[PDB]
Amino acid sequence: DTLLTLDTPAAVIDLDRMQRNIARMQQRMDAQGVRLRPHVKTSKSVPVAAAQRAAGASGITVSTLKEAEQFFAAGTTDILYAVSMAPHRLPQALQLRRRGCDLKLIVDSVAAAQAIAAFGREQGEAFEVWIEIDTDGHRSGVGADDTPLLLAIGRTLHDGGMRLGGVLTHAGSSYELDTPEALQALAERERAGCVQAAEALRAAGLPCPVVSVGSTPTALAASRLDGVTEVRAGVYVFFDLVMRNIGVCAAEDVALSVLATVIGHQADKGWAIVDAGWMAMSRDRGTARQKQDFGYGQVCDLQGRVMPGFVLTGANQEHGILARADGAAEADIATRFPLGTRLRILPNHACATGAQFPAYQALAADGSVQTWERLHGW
């Protein structure tokens, strides 16, 4: 099985590229004196996380309890569920912990901390809960210098007989930046807010062994991480065009592409039609907001060579329109990409495109492939 024999579209991981990505991130975190806790929401795949663990990762972060089940059943026990804890999901969290999953939960309100602690007391479980900090006004979390809410939550947890294990933050606004200076200042803001919260917890005599920060861009841009114990990053494993435009990788580093077959043309308009539509690429159009818009993806040849100036300018559910970015009509598009030619499309957003497929085709050095299943749903 190789790139010529796969049915298309198919999500291809280039292993050499994935390995270089995994190594770059780990050596960076080593140099920073910090643990790396990869976010598996990018791949939801056991063998991709195994590769991250083999290079030195510690534990994982997950976006759903379903991911936690999957990775636990496959042997990972150090699992951070980094999404504000819904009380109704407490039974399921407890069941994971009682089965031996060292599952960590997060909260950002008093009421949520109250429900966890009461359930904990009622069930005889000291849940380990971390407090989410908001450092860039981007999602959930406790304002970095809203100490009263911080300590009120700290107290609810610690007085309540739960384990207050740390603070975390995720500076998601990284995604909107596109310079080294601004990413650097954003990473520093992420570090300082998170550490400031830790120290305020410790000043009030509450424990706070874990200080957890990160997004892929802040992970790669931070000049210093004093006071941080771990960084969480996920999308870096494959990279994607949004990250390329952010400035933290080149298009060549993108390890995930979508293998597509040319099924037709509109010669007239210089279009080649591929069987990779938005069902394959997903509807994500993150690069439309950035300084270089790649439509529904950057075209590469079968070998993985980027072909600048050809992108998917359009997409329907099961067809994509391959055409010139400069909007001119390619002359003789049919003779350039005859019926049946296979190409590889780089995604806007690796997390979104990977979710369209039941599996990855992992491409090894000899041109051979291995199917790596991934998780779908909740």
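Residue numbers here begin at 1 and follow the sequence given.
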Mean B factor on CA atoms, stretches 8-16 and 361-369, record says higher is 361-369
Once you work out the mean C-alpha B-factor for both 296-304 and 91-99 from the entry, which is higher? 91-99
Among the candidates 286, 193, 270, 234, give the one with the maximum CA B-factor reported in the record. 193
The largest CA temperature factor among 177, 74, 242, 105 is found at 177
CA B-factor ranking of residue 170, expressed as a third of its chain: middle
For the chain shown, is the CA B-factor of residue 227 in the lowest, middle or highest third of its modelled residues? highest
Compare the C-alpha B factor of residue 264 with those of the other modelled residues in its chain, then answer lowest, middle or highest third. lowest
Of the three thirds of the chain ranked by Cα temperature factor, residue 331 occupies the highest
When the deposited Cα B-factors of this chain's modelled residues are ordered and cut into thirds, is residue 55 in the lowest, the middle or the highest one? middle
